[PDB]
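Working notes, structure below.
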Amino acid sequence: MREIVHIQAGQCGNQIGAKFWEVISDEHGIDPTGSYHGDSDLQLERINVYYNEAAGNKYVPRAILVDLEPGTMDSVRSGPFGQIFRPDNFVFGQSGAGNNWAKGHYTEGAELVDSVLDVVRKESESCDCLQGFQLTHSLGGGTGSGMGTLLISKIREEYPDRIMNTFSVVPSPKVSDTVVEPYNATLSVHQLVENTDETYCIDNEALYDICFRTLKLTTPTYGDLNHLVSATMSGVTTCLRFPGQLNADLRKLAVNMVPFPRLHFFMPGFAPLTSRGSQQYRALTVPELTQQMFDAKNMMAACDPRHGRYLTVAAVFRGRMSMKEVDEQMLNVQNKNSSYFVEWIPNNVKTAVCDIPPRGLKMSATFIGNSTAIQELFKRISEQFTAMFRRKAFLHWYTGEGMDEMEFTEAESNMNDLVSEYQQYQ
Amino acid sequence: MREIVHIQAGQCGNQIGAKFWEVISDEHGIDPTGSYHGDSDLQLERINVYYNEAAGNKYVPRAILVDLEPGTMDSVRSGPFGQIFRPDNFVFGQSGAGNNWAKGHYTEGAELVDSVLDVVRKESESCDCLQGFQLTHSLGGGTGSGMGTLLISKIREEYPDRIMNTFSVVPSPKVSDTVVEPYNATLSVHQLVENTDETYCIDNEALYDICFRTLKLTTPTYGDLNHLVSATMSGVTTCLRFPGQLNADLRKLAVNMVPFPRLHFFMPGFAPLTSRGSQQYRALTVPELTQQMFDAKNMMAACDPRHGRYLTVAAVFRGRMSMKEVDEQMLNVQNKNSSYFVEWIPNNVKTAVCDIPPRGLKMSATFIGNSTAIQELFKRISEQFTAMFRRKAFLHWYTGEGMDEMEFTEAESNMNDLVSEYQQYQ
Amino acid sequence: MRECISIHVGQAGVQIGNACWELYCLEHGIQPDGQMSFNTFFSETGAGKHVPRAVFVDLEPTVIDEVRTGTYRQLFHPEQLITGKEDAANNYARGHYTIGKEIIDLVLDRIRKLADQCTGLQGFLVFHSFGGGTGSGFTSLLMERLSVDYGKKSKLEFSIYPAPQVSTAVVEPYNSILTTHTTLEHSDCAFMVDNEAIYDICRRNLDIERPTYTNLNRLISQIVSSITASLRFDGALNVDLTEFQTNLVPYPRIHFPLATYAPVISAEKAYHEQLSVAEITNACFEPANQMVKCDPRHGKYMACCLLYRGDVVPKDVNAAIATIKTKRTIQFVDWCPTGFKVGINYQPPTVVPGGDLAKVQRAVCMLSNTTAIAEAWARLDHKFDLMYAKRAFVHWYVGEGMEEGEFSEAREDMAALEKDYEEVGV
Amino acid sequence: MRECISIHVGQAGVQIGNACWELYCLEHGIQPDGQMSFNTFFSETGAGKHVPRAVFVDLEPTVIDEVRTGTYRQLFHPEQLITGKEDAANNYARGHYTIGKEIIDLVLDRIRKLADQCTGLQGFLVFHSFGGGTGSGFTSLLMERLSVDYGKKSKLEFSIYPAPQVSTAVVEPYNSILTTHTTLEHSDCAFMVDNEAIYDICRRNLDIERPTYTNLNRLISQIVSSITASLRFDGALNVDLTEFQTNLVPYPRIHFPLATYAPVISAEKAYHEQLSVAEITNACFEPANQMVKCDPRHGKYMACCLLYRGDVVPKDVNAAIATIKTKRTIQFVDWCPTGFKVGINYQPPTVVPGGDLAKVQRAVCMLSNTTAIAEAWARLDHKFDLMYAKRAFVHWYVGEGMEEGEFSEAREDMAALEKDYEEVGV
Ligand SMILES: C=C1C[C@@H]2CCCC(=O)C/C(C)=C\C=C\C(=O)O[C@H]([C@H](O)NC(=O)/C=C\C=C\C)C/C(C)=C/[C@H](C1)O2
Ligand SMILES: C=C1C[C@@H]2CCCC(=O)C/C(C)=C\C=C\C(=O)O[C@H]([C@H](O)NC(=O)/C=C\C=C\C)C/C(C)=C/[C@H](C1)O2
Ligand SMILES: Nc1nc2c(ncn2[C@@H]2O[C@H](COP(=O)(O)OP(=O)(O)OP(=O)(O)O)[C@@H](O)[C@H]2O)c(=O)[nH]1
Ligand SMILES: Nc1nc2c(ncn2[C@@H]2O[C@H](COP(=O)(O)OP(=O)(O)OP(=O)(O)O)[C@@H](O)[C@H]2O)c(=O)[nH]1
Ligand SMILES: Nc1nc2c(ncn2[C@@H]2O[C@H](COP(=O)(O)OP(=O)(O)O)[C@@H](O)[C@H]2O)c(=O)[nH]1
Ligand SMILES: Nc1nc2c(ncn2[C@@H]2O[C@H](COP(=O)(O)OP(=O)(O)O)[C@@H](O)[C@H]2O)c(=O)[nH]1
Ligand SMILES: [Mg+2]
Ligand SMILES: [Mg+2]
């Protein structure tokens, strides 16, 4: 088959991946021991995408765990994971980069990187047709941010025709979780943008809104937040993992959603989103499902999608439904909301349908927007970064590792070119 | 179908609506959980008018609850309602306007209004052919009066060709329930008159008479009073909700009952009205039913209908009966009572018949008069208002919110033009 | 087989149609699903499922929806049953412009399709009332389109005359004038009946207590039945619709005959009566059998027709006529010397099961044009004039695009036509 | 037996094929494993296991893999079911160069092998869409190879026209242009249908709520079924594919006929309809039965074909045609005087079990070339132009080796061809 390979980097990366791989294991009927127990044939039909069979039923997640800080994975494998994952894949040192990009990427991380890449090669050798690499990260967490960036540069060198993509948590526009989070982000981005095919942008703040207010969740922990992230990741791959009326492979989705090289930044949408109390008052139709998909409240990145224009929107549906119903409904939306779509692209919609639903939701869909709105998130980081950069706030931790001032200058300069491109198309 | 949408505003509005929606649920065989259980096909034939099916049997009342004072709805949804109504529709703040029109409409209410309108749009999108909006209110209660008025202005802007109408409790001519009730009324009216297609005028005093003396009710509570209001509302819509010899749609009724733009003020009549003790001594004929309809005692607004002339009278009958019998009887009435009908309109009667009775009353009818008599109610408010206005009684609560003296001047001036028009036609 | 088109417009038109086609099926032995000369109104399809030549147009879907649920659902074509969304609400401006536009094309394409189903297209009847929005505005629009597309074919319309003293809608006088004025140039002959006079007749003759639309309609349907019977059956003197036009229209515009029917009598009275040809014919000219409440002694006969059904022989007729002409209490116009075309059909009249008329061996439909009709004119001219003097309900059309002075001119035309009745009688 | 080749390319081509061959098996009584004139598409093998003349090519193995698991797995040849590794991801540069290279040789050798299985090779159909990478690029490569190796044989292709308002892929306009330009020189006639117009037709005529690929495809398959039926069965006027080319191609390059089918009606409507030869033929020229959303009244007919199936006799046809030609609302080009080839086949149409069409005794496939098609041209020319002006997604081909100005020239050719439609209509 076409195999995808994951990398997990950082606390953030490894934690998110923890539940992500749990979720997919559910999706295919795989038990916590790595032994396939599903009922339907489609449960394991394409299982090869994410799993390597190591005997009998042993199914091995195609994934590498990478962290300089050993307690992270220690907790992951303490959980209902450790025996799914093979110990060849736990690649970890014992030193934290302590939220220093300069460390996690550029200095110490490199040590670990070599052993990582070797495992990468192992997997890429065992793969039949290597379709690429998904890497969990926090854009501002030191080793998620940095270490991931280095791995990506290397892997892209050795597999330049493969789909490589990352799920990087963008810093919440209101609250910073790291004081230097703007540094970690801007640096990461410099190299992340040029060396990846796709990057997903997501904010914990937006997730909080979604959790607590839309889903009326009482105590929004990371387990539940990551539940949401795991979500949108799962859907994308249903394009590959399952058949459907419109099978749209990950590459095909990529091709359709990138109008221009470098603007590959995505704000996953979500449907349906409503708390259990309110579910009895609604009906999951395609109109309902799409109305959910076109909601600013269901935008998982903290950005108002009605700022500027949508360049491209991939509506990926899961479950049975009529193509007329869908097509028509999407077009109704595009007609009514035509002030939010880029005039450049006639038929600003894009769709795909896999004929299997997630989890027990009859209807589901996941919404991948690329709106010029997203520039605001880039501003967030730019602005914060800039202020600190002026005063050289916390400079001696990075320059302590040998990082150049011009490195940061060029990093922001490339985020400024990036936002400039968003404007030109807006 | 043609869907009507309701709004409920105020304690008064939400309380009245509480039982109204209960009543209709009975009318269509809908249980307290929102699940349709009726037997006849006509039970749900047109159910779409007031209900949106959210699954299986979930039927969703097409209605929005709006109140700045949260305890109101809290009590409603504590009752046999809360699980019919969907929580998307509970739109409420936590601050009372404290019977300040200026607050409920003009200042704080506006905050809530925005979220309300969004829900409005949701419903209007889900509707097939939007036939309009019924809004429960007290004309003198601060947030019923005010907040409703703002919602109406907005909705009429966004759906100007739709039938929008309100059920506003007019202040009892003897007893005031609010000291500033004349202010709340006159202001509301200013904007209510110009921005609505129909307004129903009803007095609790008149209802008391009807309850206690005509129906010999021992303890006339609001549950029983609202039972009466709920009543006349139900009938009107039977024109749409059910078939009949003369199906007269709400719009058609409106068209027939408004001789001139702005004089859309109605004093619902009622039949039959007699306590259970006396029912064995009478027979519900059309002559009986009409004699009931033509009684000042069965006029639910506190106004003697024999003051001046009837402009137009809509007799809407429910249940089987002969068209000759009805026609002839109505004409007998018009002939005998010809001193009470406006010479302007030959054939001052107007009729409609739906072939289903309410509740278990073989015969029933509801009487919608528009008599020049009604001017007295306008006087009531005008006069009371005027006196207070002279002394600037309780002025600093409204001017405290920023309300202009000329706002009140123009408000009364427009009620004076209104009554002047009633005179010209009288 | 020469076949005719039927159209039904408005609640009235549709209701009457209901009974009309039930009757026809009974007259040919056809089952409610179309299952078997009737090919003059039916198209035999592959299975013996004869389908009627009729198109039903209802903007207020409720009425036809009931028909669509009703037993004769099976019989009609889903493409014949043409329903809208909302009705004209007794507004000619919408029936003939705003709303009527929508469907009017849809319906015409049914009509053209059905006209190609046909070889011998002869006439087309249009059932409606004079004031119901659907019936009124819509009809004049339709007729104008059919006067283009067919133009040569017989244009027949049934518009119920708005009973002199008894009205249901207030603005009914408006609508009649306006409707009539328009359709004057597109209609070849228009029939008028009075619901009141009919009520009087139900009571008087049939010994009915209290008439309603059900039984009243059964009466009308039998009157029409005779007209068609001249086409549908063998008779000595078979009258084509083209004939009806030639003989009932003394003058280009006064084509407004009225028609009655005898014997109208209860099964009981039939045994105290010997209904001879002469007996019945005499009864036809009794002012109490006069189905429009316009006493024939108020004017002179401009024209006559006797559609005789059942056991009626040429001489008995001739002798009966001789008797009638001898009775000089029946005054007729100098203008029109001996014009008493008699039709005679052979086929007897038929009784509806559960009906209220005596099964008689012979019957006749009398039809006439009298100068006395000017009385009816006077009424409506004035009724309209009165309300127009006020502009009672004028805002309501004039907002819809209708012109002041258009209404004046329309009434002018009605006054000129009334003046033309005067002219003939001279 | 003259036999034809079928190729299926792309998800679309394969899906349609699925239904197509299910249908064929039903038309000959063949079981899903091939178990028994059909030898015109089948090869009888030793066991009565007839095997189809069709090659299925899918770079995205998922779709054919489903077919390979599906019930008709048994029927097809494992060497016919040719699957790749990854798809072109909606990229013509890969379909027609990078990736297409790989298989294209493998497939051709199947084709040559199968061509030696044959004696009477007549045509070869190619199912695909205009924009799906597999369908698009791959097809033009293939056709060029078949125009070498066979060249004399009839080259038939089915490419679904990218529905005017409704698209699934963003770059679909690109692909069509490029695909089309190329295949212009290698294809003898290309058919286009519109998924949208078809949806409209499913709803309108068949009374379908919400269409999807399943039922839509069943429709298409019956249209194709008739074409082949001229080969596969006895008919009065048996049409060979070579004929189709002679008569449907007025001009070397404009070979782009569109085709509809009547009766398209629910089993219910069939009883309120008598479908005569003339009835159906009339329906064939109704703009609402127009299976490409291009209203025929927007241009003139360049050519015609009537593939009649079932109980249809020469004169009824001749008379129906006479009627059609009489209707001068069907405008056709001066250039082409009487060209209305009619095919007639004897063999009736057939209905799919679990299908949605009325089982009719007679049907017809109308096929035509109209100047109105230029409209469709305009659309795509422009769509493409717009995005090409941006170079939206240009990096994506131009990295693959595609030339700027190649794209310009390709569109030039499409504009020249559109200009040629204009030329004919003159
Ligand atoms: C990719 C996926 C898989 C995850 C699975 C995690 C399940 C979990 O462990 C908790 C649970 C069993 C259910 C959670 C549902 C959920 O959050 O439910 C969510 C939300 O509250 N549901 C709706 O809003 C549903 C209907 C809205 C109607 C207006 C959406 C949600 C994030 C679903 C995701 C979709 O669930
Ligand atoms: C729109 C409607 C529905 C409501 C239903 C509320 C029923 C309720 O919960 C209490 C009950 C079961 C019956 C009340 C009857 C009623 O008040 O009865 C009333 C009155 O007392 N009834 C009569 O006067 C009846 C005969 C008079 C003959 C002279 C009229 C009344 C307001 C009826 C309304 C009509 O009932
Ligand atoms: N004879 C007879 N007259 C009827 C019947 N129903 C209504 N009418 C008469 O028709 C007139 C009212 O018009 P309708 O036909 O009911 O209304 P409509 O044509 O549907 O038009 P709108 O509802 O206003 O759009 C009145 O004069 C009624 O007396 C019926 O069943 N039989
Ligand atoms: N009629 C019909 N059209 C389909 C069907 N499936 C996809 N399409 C149309 O085909 C186009 C998309 O191309 P596909 O055939 O799905 O893609 P593909 O040929 O496999 O090419 P790639 O995946 O891009 O390599 C769109 O216009 C769809 O509307 C189907 O089952 N029936
Ligand atoms: N969504 C999500 N975000 C997290 C989680 N844990 C940490 N983060 C975010 O990641 C950032 C901190 O980076 P972290 O991964 O802890 O640093 P690292 O170990 O050096 O890579 C902050 O912005 C946090 O909000 C988690 O479990 N889920
Ligand atoms: N008919 C009826 N009138 C009420 C009810 N409750 C309050 N009212 C009237 O409403 C007015 C008070 O307004 P209220 O709705 O309580 O104020 P609000 O909450 O600010 O909108 C007084 O005239 C009361 O007589 C009720 O349950 N039924
Ligand atoms: Mg009606
Ligand atoms: Mg595909």
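Within each chain, counting starts at residue 1; across the structure tokens, chains are named A, B, ... in the order shown, with ligands numbered 1 upward in that order.
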
### Task
Kindly compile the residues surrounding ligand 5 within 8 Å, counting only C-alpha atoms and all ligand atoms, and format them as a VMD selection string.
chain A and resid 9 to 16 67 69 72 96 to 100 104 137 to 146 169 to 172 176 to 178 181 203 to 204 222 to 223 225 to 226 229

Can you write out the residues you just picked, keeping N, CA and C atoms, as a short mmCIF file (atom, residue, chain, number, x, y, z; two decimals), in the first residue's frame?
data_model
loop_
_atom_site.label_atom_id
_atom_site.label_comp_id
_atom_site.auth_asym_id
_atom_site.auth_seq_id
_atom_site.Cartn_x
_atom_site.Cartn_y
_atom_site.Cartn_z
N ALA A 9 6.84 15.09 17.49
CA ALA A 9 7.83 15.73 18.47
C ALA A 9 7.33 16.72 19.56
N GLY A 10 8.02 16.67 20.74
CA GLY A 10 7.80 17.48 21.94
C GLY A 10 6.87 16.84 22.97
N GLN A 11 6.70 17.44 24.16
CA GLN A 11 5.60 17.03 25.04
C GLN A 11 4.33 17.07 24.24
N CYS A 12 4.08 18.24 23.67
CA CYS A 12 2.91 18.50 22.85
C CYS A 12 2.73 17.44 21.77
N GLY A 13 3.78 17.24 20.98
CA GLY A 13 3.75 16.26 19.92
C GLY A 13 3.45 14.85 20.39
N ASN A 14 4.18 14.41 21.41
CA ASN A 14 4.04 13.05 21.93
C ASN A 14 2.71 12.79 22.64
N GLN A 15 2.16 13.84 23.25
CA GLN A 15 0.90 13.77 23.98
C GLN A 15 -0.29 13.67 23.00
N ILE A 16 -0.27 14.60 22.04
CA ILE A 16 -1.26 14.60 20.97
C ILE A 16 -1.25 13.27 20.24
N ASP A 67 12.18 12.66 21.62
CA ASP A 67 12.22 13.72 22.63
C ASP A 67 13.53 13.71 23.40
N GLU A 69 13.83 14.94 26.27
CA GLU A 69 13.40 14.89 27.66
C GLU A 69 12.63 13.59 27.90
N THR A 72 8.66 12.32 29.18
CA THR A 72 7.54 12.43 28.26
C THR A 72 7.07 11.06 27.76
N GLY A 96 16.85 18.13 28.76
CA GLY A 96 15.79 18.92 28.17
C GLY A 96 16.42 20.07 27.42
N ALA A 97 15.79 20.52 26.34
CA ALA A 97 16.24 21.74 25.69
C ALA A 97 15.71 22.94 26.44
N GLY A 98 14.77 22.69 27.35
CA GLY A 98 14.22 23.72 28.20
C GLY A 98 13.64 24.87 27.41
N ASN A 99 12.87 24.53 26.38
CA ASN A 99 12.24 25.51 25.51
C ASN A 99 13.26 26.46 24.91
N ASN A 100 14.37 25.88 24.47
CA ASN A 100 15.34 26.56 23.64
C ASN A 100 15.39 25.91 22.28
N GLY A 104 17.11 22.30 21.07
CA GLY A 104 16.35 21.18 20.57
C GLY A 104 16.55 20.87 19.10
N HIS A 137 3.93 18.40 16.90
CA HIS A 137 4.76 19.52 17.38
C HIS A 137 3.93 20.60 18.08
N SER A 138 4.57 21.31 19.00
CA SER A 138 4.10 22.64 19.39
C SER A 138 5.04 23.64 18.75
N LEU A 139 4.46 24.62 18.04
CA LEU A 139 5.26 25.60 17.33
C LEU A 139 6.13 26.44 18.27
N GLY A 140 5.70 26.57 19.53
CA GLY A 140 6.47 27.30 20.53
C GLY A 140 7.19 26.51 21.62
N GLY A 141 6.88 25.22 21.76
CA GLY A 141 7.60 24.37 22.69
C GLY A 141 8.97 23.98 22.17
N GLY A 142 10.01 24.14 22.98
CA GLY A 142 11.37 24.08 22.49
C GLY A 142 11.75 22.90 21.61
N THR A 143 11.55 21.67 22.09
CA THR A 143 11.93 20.50 21.30
C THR A 143 10.87 20.03 20.31
N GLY A 144 9.60 20.37 20.55
CA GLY A 144 8.60 20.10 19.54
C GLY A 144 8.94 20.96 18.33
N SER A 145 8.97 22.27 18.60
CA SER A 145 9.29 23.31 17.63
C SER A 145 10.62 23.02 16.90
N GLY A 146 11.70 23.08 17.67
CA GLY A 146 13.01 22.93 17.07
C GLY A 146 13.30 21.55 16.51
N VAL A 169 1.14 23.26 16.83
CA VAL A 169 0.25 24.06 17.63
C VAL A 169 0.72 25.50 17.57
N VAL A 170 -0.13 26.38 17.07
CA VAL A 170 0.24 27.78 17.02
C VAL A 170 -0.06 28.40 18.38
N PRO A 171 0.80 29.32 18.81
CA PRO A 171 0.65 30.02 20.09
C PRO A 171 -0.68 30.75 20.20
N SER A 172 -1.37 30.54 21.31
CA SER A 172 -2.65 31.18 21.57
C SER A 172 -2.47 32.70 21.59
N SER A 176 0.27 33.56 26.34
CA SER A 176 1.46 32.83 25.93
C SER A 176 1.72 31.75 26.97
N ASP A 177 2.06 30.54 26.52
CA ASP A 177 2.44 29.46 27.43
C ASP A 177 3.94 29.40 27.73
N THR A 178 4.73 30.02 26.87
CA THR A 178 6.17 30.18 27.08
C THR A 178 6.45 31.66 26.91
N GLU A 181 7.93 31.95 23.61
CA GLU A 181 7.11 31.26 22.61
C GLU A 181 7.13 31.93 21.22
N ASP A 203 -4.97 26.37 17.62
CA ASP A 203 -4.82 27.05 18.91
C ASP A 203 -5.63 26.40 20.02
N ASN A 204 -4.98 26.23 21.16
CA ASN A 204 -5.62 25.71 22.36
C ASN A 204 -6.75 26.61 22.84
N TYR A 222 -6.32 18.41 28.52
CA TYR A 222 -5.59 18.17 27.28
C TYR A 222 -6.03 16.87 26.63
N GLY A 223 -6.43 15.88 27.43
CA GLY A 223 -6.97 14.65 26.88
C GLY A 223 -8.15 14.91 25.95
N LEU A 225 -8.95 18.07 24.61
CA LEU A 225 -8.47 18.96 23.55
C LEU A 225 -7.82 18.15 22.40
N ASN A 226 -7.00 17.19 22.80
CA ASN A 226 -6.27 16.35 21.86
C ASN A 226 -7.19 15.38 21.18
N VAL A 229 -8.04 17.39 18.23
CA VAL A 229 -6.97 17.38 17.21
C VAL A 229 -6.90 16.03 16.46
#

Can you tell me which residues come within 6 Å of ligand 3 when counting only C-alpha atoms and all ligand atoms, ideally as a PDB file with N, CA and C atoms, in the first residue's frame?
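Result saved to part_35.pdb:
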ATOM      1  N   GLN B 245     -63.651  24.423   4.858  1.00  0.00           N
ATOM      2  CA  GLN B 245     -64.498  24.885   3.769  1.00  0.00           C
ATOM      3  C   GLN B 245     -63.948  26.193   3.238  1.00  0.00           C
ATOM      4  N   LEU B 246     -63.799  27.162   4.133  1.00  0.00           N
ATOM      5  CA  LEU B 246     -63.061  28.361   3.798  1.00  0.00           C
ATOM      6  C   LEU B 246     -61.743  28.340   4.550  1.00  0.00           C
TER       7      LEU B 246
ATOM      8  N   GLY C  10     -58.663  28.185  -7.884  1.00  0.00           N
ATOM      9  CA  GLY C  10     -58.974  28.694  -6.551  1.00  0.00           C
ATOM     10  C   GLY C  10     -59.601  27.636  -5.670  1.00  0.00           C
ATOM     11  N   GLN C  11     -59.717  27.896  -4.370  1.00  0.00           N
ATOM     12  CA  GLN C  11     -60.393  26.974  -3.461  1.00  0.00           C
ATOM     13  C   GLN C  11     -61.756  26.571  -4.017  1.00  0.00           C
ATOM     14  N   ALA C  12     -62.554  27.565  -4.402  1.00  0.00           N
ATOM     15  CA  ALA C  12     -63.879  27.339  -4.981  1.00  0.00           C
ATOM     16  C   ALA C  12     -63.825  26.441  -6.217  1.00  0.00           C
ATOM     17  N   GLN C  15     -62.767  22.876  -5.211  1.00  0.00           N
ATOM     18  CA  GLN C  15     -63.837  22.182  -4.483  1.00  0.00           C
ATOM     19  C   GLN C  15     -64.918  21.659  -5.437  1.00  0.00           C
ATOM     20  N   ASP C  87     -50.734  31.704  -0.991  1.00  0.00           N
ATOM     21  CA  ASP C  87     -51.735  32.238  -1.895  1.00  0.00           C
ATOM     22  C   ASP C  87     -51.732  33.758  -1.949  1.00  0.00           C
ATOM     23  N   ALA C  88     -52.557  34.255  -2.858  1.00  0.00           N
ATOM     24  CA  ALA C  88     -52.604  35.661  -3.192  1.00  0.00           C
ATOM     25  C   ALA C  88     -53.260  36.440  -2.068  1.00  0.00           C
ATOM     26  N   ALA C  89     -53.816  35.710  -1.102  1.00  0.00           N
ATOM     27  CA  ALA C  89     -54.447  36.298   0.073  1.00  0.00           C
ATOM     28  C   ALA C  89     -55.482  37.322  -0.329  1.00  0.00           C
ATOM     29  N   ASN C  90     -56.304  36.955  -1.308  1.00  0.00           N
ATOM     30  CA  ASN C  90     -57.369  37.826  -1.755  1.00  0.00           C
ATOM     31  C   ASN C  90     -56.778  39.125  -2.296  1.00  0.00           C
ATOM     32  N   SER C 129     -63.965  31.467  -8.189  1.00  0.00           N
ATOM     33  CA  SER C 129     -64.894  32.468  -7.696  1.00  0.00           C
ATOM     34  C   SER C 129     -64.432  33.822  -8.225  1.00  0.00           C
ATOM     35  N   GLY C 131     -63.874  36.608  -6.331  1.00  0.00           N
ATOM     36  CA  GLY C 131     -63.071  37.340  -5.365  1.00  0.00           C
ATOM     37  C   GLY C 131     -61.901  36.699  -4.646  1.00  0.00           C
ATOM     38  N   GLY C 132     -61.801  35.376  -4.704  1.00  0.00           N
ATOM     39  CA  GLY C 132     -60.723  34.680  -4.027  1.00  0.00           C
ATOM     40  C   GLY C 132     -59.456  34.931  -4.807  1.00  0.00           C
ATOM     41  N   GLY C 133     -58.386  35.333  -4.123  1.00  0.00           N
ATOM     42  CA  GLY C 133     -57.175  35.796  -4.786  1.00  0.00           C
ATOM     43  C   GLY C 133     -56.687  34.879  -5.891  1.00  0.00           C
ATOM     44  N   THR C 134     -56.533  33.604  -5.535  1.00  0.00           N
ATOM     45  CA  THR C 134     -56.173  32.551  -6.472  1.00  0.00           C
ATOM     46  C   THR C 134     -57.153  32.614  -7.647  1.00  0.00           C
ATOM     47  N   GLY C 135     -58.430  32.366  -7.357  1.00  0.00           N
ATOM     48  CA  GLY C 135     -59.473  32.412  -8.369  1.00  0.00           C
ATOM     49  C   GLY C 135     -59.462  33.661  -9.244  1.00  0.00           C
ATOM     50  N   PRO C 162     -70.640  36.942  -6.491  1.00  0.00           N
ATOM     51  CA  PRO C 162     -70.576  37.282  -5.071  1.00  0.00           C
ATOM     52  C   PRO C 162     -71.956  37.632  -4.541  1.00  0.00           C
ATOM     53  N   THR C 168     -68.067  36.731   2.369  1.00  0.00           N
ATOM     54  CA  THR C 168     -67.113  36.087   3.249  1.00  0.00           C
ATOM     55  C   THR C 168     -65.905  37.001   3.351  1.00  0.00           C
ATOM     56  N   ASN C 195     -74.436  31.884  -4.310  1.00  0.00           N
ATOM     57  CA  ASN C 195     -74.505  30.953  -3.192  1.00  0.00           C
ATOM     58  C   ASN C 195     -75.756  31.176  -2.338  1.00  0.00           C
ATOM     59  N   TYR C 213     -71.055  24.008   1.583  1.00  0.00           N
ATOM     60  CA  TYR C 213     -70.353  23.885   0.308  1.00  0.00           C
ATOM     61  C   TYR C 213     -70.427  22.479  -0.295  1.00  0.00           C
ATOM     62  N   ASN C 217     -72.238  22.284  -3.881  1.00  0.00           N
ATOM     63  CA  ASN C 217     -71.365  21.931  -4.989  1.00  0.00           C
ATOM     64  C   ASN C 217     -71.918  20.771  -5.800  1.00  0.00           C
TER      65      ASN C 217
END

For residue C:171: contacts at 12 Å, only C-alpha atoms, fewer than 5 positions along chain excluded, given as a VMD selection string: (chain B and resid 252 to 259 312 344 to 350) or (chain C and resid 89 to 92 130 to 133 136 162 176 to 178 380 383 to 388 391 to 394 396 to 397)

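Using only C-alpha atoms and all ligand atoms for every distance, the candidate list A:249, A:401, A:407, A:288 yields A:249 as the residue closest to ligand 4.
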
Practice problem: Identify all chain D residues at most 9 Å from chain C by counting only C-alpha atoms; ligands do not count. Present them as a PyMOL selection string. | Solution: chain D and resi 268-269+271-275+279

Legend entry - strand (DSSP E) residues, from DSSP on the backbone, in stretch 121-176 of chain B, as a list in words: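 After running DSSP on the backbone, stretch 121-176 of chain B has strand (DSSP E) at residues 129, 130, 131, 132, 133, 134, 135, 136, 137, 138, 164, 165, 166, 167, 168 and 169 of chain B.
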
For this session: Give the answer as one residue: which of A:303, A:418, A:353, A:387 has the shortest atom-to-atom distance to ligand 4, using only C-alpha atoms and all ligand atoms?
Result: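 Closest candidate: A:353.
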
With a distance cut-off of 12 Å and only C-alpha atoms, select the neighbouring residues of residue B:211, excluding the residue or stretch itself and same-chain residues fewer than 3 positions from it, and output the selection as a ChimeraX atom specification. /B:204-208,214-229,270,273-275,297-300

Separating atom CA of residue A:379 from atom CA of residue A:310, to the nearest tenth of an Å, is a gap of 18.0 Å
